[PDB]
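Quick notes on the structure that follows.
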2 protein chains.
Amino acid sequence: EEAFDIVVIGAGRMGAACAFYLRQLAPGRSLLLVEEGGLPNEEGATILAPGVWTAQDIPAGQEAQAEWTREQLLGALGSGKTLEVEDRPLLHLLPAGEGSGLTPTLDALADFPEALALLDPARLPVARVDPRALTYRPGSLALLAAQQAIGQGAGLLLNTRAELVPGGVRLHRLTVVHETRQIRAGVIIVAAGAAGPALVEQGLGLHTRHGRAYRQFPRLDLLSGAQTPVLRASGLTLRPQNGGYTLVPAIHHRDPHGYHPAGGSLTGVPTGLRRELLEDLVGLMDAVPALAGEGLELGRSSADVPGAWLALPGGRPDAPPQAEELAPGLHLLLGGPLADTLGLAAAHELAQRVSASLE
Amino acid sequence: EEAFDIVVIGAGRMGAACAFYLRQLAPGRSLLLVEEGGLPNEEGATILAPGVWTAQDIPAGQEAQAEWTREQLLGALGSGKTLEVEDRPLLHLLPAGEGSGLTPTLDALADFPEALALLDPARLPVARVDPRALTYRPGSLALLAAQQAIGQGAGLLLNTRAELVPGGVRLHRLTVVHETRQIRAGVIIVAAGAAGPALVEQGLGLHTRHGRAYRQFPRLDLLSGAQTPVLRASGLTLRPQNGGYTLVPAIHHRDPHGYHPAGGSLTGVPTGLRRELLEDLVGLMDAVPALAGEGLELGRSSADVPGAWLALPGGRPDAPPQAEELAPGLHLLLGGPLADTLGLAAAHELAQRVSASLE
Ligand SMILES: Nc1ncnc2c1ncn2[C@@H]1O[C@H](COP(=O)(O)OP(=O)(O)O)[C@@H](O)[C@H]1O
Ligand SMILES: Nc1ncnc2c1ncn2[C@@H]1O[C@H](COP(=O)(O)OP(=O)(O)O)[C@@H](O)[C@H]1O
């Protein structure tokens with residue numbers, strides 16, 4: 001039936017960015033953007049991502065991708081548009097102070113008292129400061145990218161679930177009855193986030209080693225400022241936002257295929273946080289007293305706690321964003337836990353390659 | 001709950017254009033575009049509209065609106081974008097030749113033989129030529145407008161039915177279960193096309209005299225060119241397109257509230273055309289033999305024939321596009337049978353007024 005040169009599945013930060021770069025790299029190549037949710041999609045990972053760009057999230061060898069992504073952020077993708085991005089130093093609080101060029105927490109939080117009251121200076125005396133860290137809303141980044149892509153002639157299909165079939169895509173909708181509709185495509189970019197691996201598996205039998213982890217983002221209602229630095233401890237992050245802090249748990253491991261997030265087992269009372277997060281908090285309460293006061297919103301059940309599924313490339317919690325061609329014309333785009341520092345770069349790199357194999 | 005300064009209901013040619021002009025006139029005023037179909041929507045009137053701009057469709061006093069709309073068309077709304085628009089003269093074939101500055105069909109179709117074989121020069125000797133007529137695809141116009149509006153920060157909501165409530169809008173969706181969601185709005189533009197009058201009636205008890213007519217656009221598979229002029233006879237139009245002609249029936253009157261298009265009663269055989277169109281054809285077959293040959297696609301039932309509902313302002317088949325504020329902050333935007341010559345103008349006029357009352 002109808003056909004497109006390029007079909008991008010997924011309108012989150014990754015797919016939206018990739019569709020944008022492809023519209024500027026290959027404007028003569030028709031592109032269709034398919035998203036099963038809306039635009040934006042508050043049921044996705046991109047919306048809850050803390051949006052922290054930090055030199056501490058750059059794996060060895062990825063300095064080029066990290067800086068290019070940073071430049072894009074401050075330049076709003078070079079679209080003459082507005083993208084709220086503030087300069088906010090990031091501190092990696094540490095116990096026994098001894099090693100590389102660290103900084104005494106006492107001095108680091110000199111003009112930031114609202115961040116001091118959260119911890120215990122004695123149990124976290126030193127830190128690794130990153131003066132170039134930045135904060136932004138991934139949701140705004142993604143929307144901006146989608147908008148610009150659409151303003152550039154990108155086909156748009158929302159509230160549509162894409163299914164991969166040999167040669168093209170099958171689109172499912174709802175009018176009440178289903179509406180299946182196939183379409184040919186020369187190139188298909190799978191930017192379904194954490195759902196990307198399964199998509200290609202159940203659709204084309206293409207096996208991968210990628211995994212997925214469910215991460216919650218409970219809020220900490222304690223005084224915060226527009227310039228109060230991002231803080232990290234034992235892998236946990238305190239992202240100042242909306243006058244408070246958003247707690248970004250560490251991912252210790254991938255979650256199994258058959259797993260339903262439940263959480264709730266704190267000192268004899270059922271909460272909305274997973275057992276693992278609960279344990280982490282208990283282990284950080286002394287160092288970060290704020291985790292033991294009235295600030296943290298624990299909720300009653302997992303339903304009251306903001307959460308999302310993030311892809312884990314290769315199943316590694318610390319693996320960066322990446323792309324790969326699993327078959328002729330078929331690419332799998334993965335963002336992941338480091339997408340805030342390396343996300344755009346991986347979408348642009350994929351766009352360049354796709355654009356070339358078309359010229 | 002959540003609120004917007006401006007909410008535009010309907011993403012067809014009218015709503016899409018209005019949302020575009022509002023984004024440029026009042027960029028600082030948030031705007032949400034709601035459409036129950038997709039983008040584009042091939043289930044709307046805009047998609048089937050012949051897109052004919054002709055000085056013969058300008059009612060007295062509407063010359064300013066007509067020319068402004070024409071300028072927008074050739075300039076693609078001034079968006080530096082591409083909008084296919086060709087120069088195509090329009091001929092209003094007439095019987096007894098005698099009156100204003102007419103032109104002998106024989107000379108008018110001098111270099112256009114493929115248009116001559118459709119009629120009988122004797123029964124239609126003279127015509128009223130319009131050298132400034134233009135043809136374009138309303139669908140492309142609308143999409144372009146929506147795209148540009150989105151690239152300008154216009155909120156977008158598709159596959160969502162809007163319902164007017166005191167103060168704001170109620171949004172219905174489908175995930176399988178319904179999802180009602182209200183939103184406050186300072187200004188609400190009702191660009192639901194033919195469904196606009198009922199919308200406000202069943203939602204706010206606001207009575208109007210506007211009507212609706214169902215018009216079909218059967219195709220005539222006979223030789224056509226990129227420069228073959230648009231032809232009209234006894235109110236019927238032959239719009240050259242895709243190597244053929246699209247038949248644009250005349251609207252003699254409005255269709256009643258409880259009316260289901262059926263059609264099909266030609267010389268003892270059931271077809272897909274309404275009785276009225278059938279009669280018109282019979283009355284034009286002599287003058288336009290092409291209507292009696294193998295060219296016309298009659299179909300078996302109305303389901304096989306391209307059709308759409310068009311609003312009739314004031315219930316008058318020949319009334320132009322218009323807007324009105326039926327209540328504080330509530331506007332009803334109507335396109336209609338003359339939207340190809342006056343549509344943009346009415347959407348821009350409404351945008352200016354809405355923008356001013358906000359400033
Ligand atoms: N099979 C599917 N068909 C269409 N769209 C999909 C499908 N599965 C997921 N999506 C969309 O893919 C998008 C990616 O969002 P997200 O998880 O944030 O990706 P990422 O974080 O990698 O940018 C999601 O927003 C989701 O709405
Ligand atoms: N109540 C509704 N809620 C949301 N969208 C609507 C509703 N009713 C109609 N629409 C949309 O309003 C749009 C107008 O399309 P159209 O009929 O071509 O308007 P017009 O011809 O005046 O530009 C339609 O495309 C339709 O999809």
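Chain lettering (A, B, ...) mirrors the order of the structure tokens, residue numbering begins at 1 for each chain separately, and ligand numbering begins at 1 in order of display.
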What residues in chain B lie within 9 Å of chain A, counting only C-alpha atoms, written as a PDB file with N, CA and C atoms, in the first residue's frame?
ATOM      1  N   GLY B  37      -9.839  13.104  14.649  1.00  0.00           N
ATOM      2  CA  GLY B  37      -9.289  12.193  13.669  1.00  0.00           C
ATOM      3  C   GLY B  37      -7.778  12.308  13.728  1.00  0.00           C
ATOM      4  N   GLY B  38      -7.123  12.006  12.616  1.00  0.00           N
ATOM      5  CA  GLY B  38      -5.682  12.100  12.574  1.00  0.00           C
ATOM      6  C   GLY B  38      -5.245  13.317  11.787  1.00  0.00           C
ATOM      7  N   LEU B  39      -3.938  13.451  11.599  1.00  0.00           N
ATOM      8  CA  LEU B  39      -3.389  14.577  10.867  1.00  0.00           C
ATOM      9  C   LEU B  39      -2.512  14.109   9.707  1.00  0.00           C
ATOM     10  N   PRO B  40      -2.998  14.250   8.467  1.00  0.00           N
ATOM     11  CA  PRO B  40      -4.298  14.815   8.081  1.00  0.00           C
ATOM     12  C   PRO B  40      -5.456  13.903   8.470  1.00  0.00           C
ATOM     13  N   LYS B  81       7.679  27.588   2.979  1.00  0.00           N
ATOM     14  CA  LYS B  81       7.413  26.195   2.646  1.00  0.00           C
ATOM     15  C   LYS B  81       6.872  26.036   1.225  1.00  0.00           C
ATOM     16  N   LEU B 143      -2.555  20.603   6.189  1.00  0.00           N
ATOM     17  CA  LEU B 143      -1.404  19.930   6.797  1.00  0.00           C
ATOM     18  C   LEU B 143      -0.274  20.931   7.037  1.00  0.00           C
ATOM     19  N   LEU B 144       0.034  21.710   6.004  1.00  0.00           N
ATOM     20  CA  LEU B 144       1.077  22.718   6.083  1.00  0.00           C
ATOM     21  C   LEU B 144       0.809  23.661   7.242  1.00  0.00           C
ATOM     22  N   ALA B 146      -1.135  23.130   9.877  1.00  0.00           N
ATOM     23  CA  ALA B 146      -1.013  22.441  11.157  1.00  0.00           C
ATOM     24  C   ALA B 146       0.474  22.259  11.483  1.00  0.00           C
ATOM     25  N   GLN B 147       1.240  21.735  10.534  1.00  0.00           N
ATOM     26  CA  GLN B 147       2.658  21.525  10.761  1.00  0.00           C
ATOM     27  C   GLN B 147       3.356  22.760  11.310  1.00  0.00           C
ATOM     28  N   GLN B 148       3.218  23.868  10.588  1.00  0.00           N
ATOM     29  CA  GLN B 148       3.801  25.144  10.966  1.00  0.00           C
ATOM     30  C   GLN B 148       3.314  25.596  12.344  1.00  0.00           C
ATOM     31  N   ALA B 149       2.041  25.349  12.654  1.00  0.00           N
ATOM     32  CA  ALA B 149       1.484  25.739  13.953  1.00  0.00           C
ATOM     33  C   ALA B 149       2.161  24.943  15.068  1.00  0.00           C
ATOM     34  N   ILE B 150       2.374  23.658  14.794  1.00  0.00           N
ATOM     35  CA  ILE B 150       3.022  22.744  15.733  1.00  0.00           C
ATOM     36  C   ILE B 150       4.486  23.115  15.908  1.00  0.00           C
ATOM     37  N   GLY B 151       5.125  23.498  14.806  1.00  0.00           N
ATOM     38  CA  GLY B 151       6.521  23.891  14.866  1.00  0.00           C
ATOM     39  C   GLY B 151       6.645  25.221  15.572  1.00  0.00           C
ATOM     40  N   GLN B 152       5.503  25.835  15.869  1.00  0.00           N
ATOM     41  CA  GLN B 152       5.519  27.110  16.555  1.00  0.00           C
ATOM     42  C   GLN B 152       5.059  26.977  17.987  1.00  0.00           C
ATOM     43  N   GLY B 153       5.059  25.751  18.492  1.00  0.00           N
ATOM     44  CA  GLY B 153       4.676  25.531  19.876  1.00  0.00           C
ATOM     45  C   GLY B 153       3.200  25.349  20.158  1.00  0.00           C
ATOM     46  N   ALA B 154       2.454  24.955  19.142  1.00  0.00           N
ATOM     47  CA  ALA B 154       1.030  24.731  19.338  1.00  0.00           C
ATOM     48  C   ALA B 154       0.862  23.349  19.957  1.00  0.00           C
ATOM     49  N   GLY B 155       0.080  23.266  21.026  1.00  0.00           N
ATOM     50  CA  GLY B 155      -0.151  21.980  21.643  1.00  0.00           C
ATOM     51  C   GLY B 155      -0.936  21.170  20.633  1.00  0.00           C
ATOM     52  N   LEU B 156      -0.750  19.857  20.607  1.00  0.00           N
ATOM     53  CA  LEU B 156      -1.474  19.036  19.653  1.00  0.00           C
ATOM     54  C   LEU B 156      -2.103  17.828  20.309  1.00  0.00           C
ATOM     55  N   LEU B 157      -3.380  17.629  20.031  1.00  0.00           N
ATOM     56  CA  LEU B 157      -4.103  16.504  20.586  1.00  0.00           C
ATOM     57  C   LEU B 157      -4.907  15.892  19.443  1.00  0.00           C
ATOM     58  N   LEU B 158      -4.582  14.662  19.072  1.00  0.00           N
ATOM     59  CA  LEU B 158      -5.289  13.991  17.993  1.00  0.00           C
ATOM     60  C   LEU B 158      -6.172  12.886  18.551  1.00  0.00           C
ATOM     61  N   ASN B 159      -6.946  12.261  17.671  1.00  0.00           N
ATOM     62  CA  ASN B 159      -7.843  11.177  18.048  1.00  0.00           C
ATOM     63  C   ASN B 159      -8.559  11.470  19.363  1.00  0.00           C
ATOM     64  N   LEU B 174      -9.377   7.036  23.995  1.00  0.00           N
ATOM     65  CA  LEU B 174      -9.481   5.574  24.078  1.00  0.00           C
ATOM     66  C   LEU B 174      -8.082   4.973  24.233  1.00  0.00           C
ATOM     67  N   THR B 175      -7.872   4.212  25.309  1.00  0.00           N
ATOM     68  CA  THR B 175      -6.579   3.577  25.583  1.00  0.00           C
ATOM     69  C   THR B 175      -6.500   2.164  25.008  1.00  0.00           C
TER      70      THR B 175
END
Task: Site check for ligand 1: residues at most 6 Å away, only C-alpha atoms and all ligand atoms, as number ranges by chain - done: A: 9-15, 34-37, 41, 44-46, 160-163, 191-195, 334-335
Open item on the list: One decimal, in Å: what's the spacing between CA of residue 209 (chain B) and CA of residue 314 (chain B)?
Closed with: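 Taking CA of residue 209 (chain B) and CA of residue 314 (chain B), their separation equals 5.1 Å.
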Give me, as an mmCIF file with C-alpha atoms, in the first residue's frame, all polymer residues having an atom no more than 9 Å from residue 66 (chain A), counting only C-alpha atoms and skipping those fewer than 4 positions away in the same chain.
data_model
loop_
_atom_site.group_PDB
_atom_site.id
_atom_site.type_symbol
_atom_site.label_atom_id
_atom_site.label_comp_id
_atom_site.auth_asym_id
_atom_site.auth_seq_id
_atom_site.Cartn_x
_atom_site.Cartn_y
_atom_site.Cartn_z
ATOM 1 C CA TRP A 53 24.130 16.479 31.871
ATOM 2 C CA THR A 54 27.301 15.720 33.799
ATOM 3 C CA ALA A 55 30.887 14.961 32.855
ATOM 4 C CA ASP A 57 28.269 10.228 33.241
ATOM 5 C CA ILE A 58 30.719 10.020 30.359
ATOM 6 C CA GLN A 62 32.512 8.855 24.719
ATOM 7 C CA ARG A 70 25.927 19.354 25.528
ATOM 8 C CA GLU A 71 26.367 21.878 22.707
ATOM 9 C CA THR A 341 24.518 13.112 28.746
ATOM 10 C CA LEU A 342 24.742 11.100 25.516
ATOM 11 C CA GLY A 343 21.207 10.777 24.059
ATOM 12 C CA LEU A 344 21.164 13.336 21.229
ATOM 13 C CA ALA A 345 24.569 12.218 19.939
#
Open item on the list: I need the residues in region 131-238 of chain B that are strand (DSSP E) according to DSSP; give them as a VMD selection string.
Closed with: chain B and resid 134 to 136 155 to 157 161 to 165 168 to 172 181 to 190 211 to 216 219 to 220 230 to 233 236 to 238
Open item on the list: So that I can see what lies close to residue 5 (chain A), please list as a list in words the residues with an atom at most 10 Å from it, counting only C-alpha atoms and leaving out residues fewer than 5 positions away in the same chain.
Closed with: residues 28, 29, 30, 31, 32, 184, 185, 186, 187, 188 and 358 of chain A
Open item on the list: When you look at region 264-274 of chain B with a cut-off of 7 Å (counting only C-alpha atoms), what residues show up, excluding the ones that are within fewer than 6 positions of it in the same chain? I need them as a list in words.
Closed with: residues 298, 299, 300, 301, 302, 303, 304 and 305 of chain B
TODO: Write down as a PyMOL selection string the residues of region 138-268 of chain A whose backbone DSSP state falls under helix (DSSP H, G or I).
DONE: chain A and resi 138-150+193-204
- [ ] Within 9 Å of residue 280 (chain A), counting only C-alpha atoms, which residues show up once you throw out same-chain ones fewer than 5 positions away? Write them as a list in words, please.
- [x] residues 234, 236, 249, 250, 275 and 285 of chain A
Task: Selection: 7 Å around residue 306 (chain B), only C-alpha atoms, excl. self and same-chain fewer than 5 positions, as an NGL selection string - done: :B and (216-218)
Task: Two-atom distance - CA of residue 297 (chain B), atom 21 (O, counted along the ligand's line) of ligand 2 (Å) - done: 24.2 Å
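For the atom pair formed by CA of residue 322 (chain A) and CA of residue 67 (chain A), the distance is 15.9 Å, given to one decimal.
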Open item on the list: With distances taken over only C-alpha atoms and all ligand atoms, which residue among B:238, B:213, B:47, B:22 lies nearest ligand 2?
Closed with: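 Answer, going by the shortest atom-to-atom distance: B:47.
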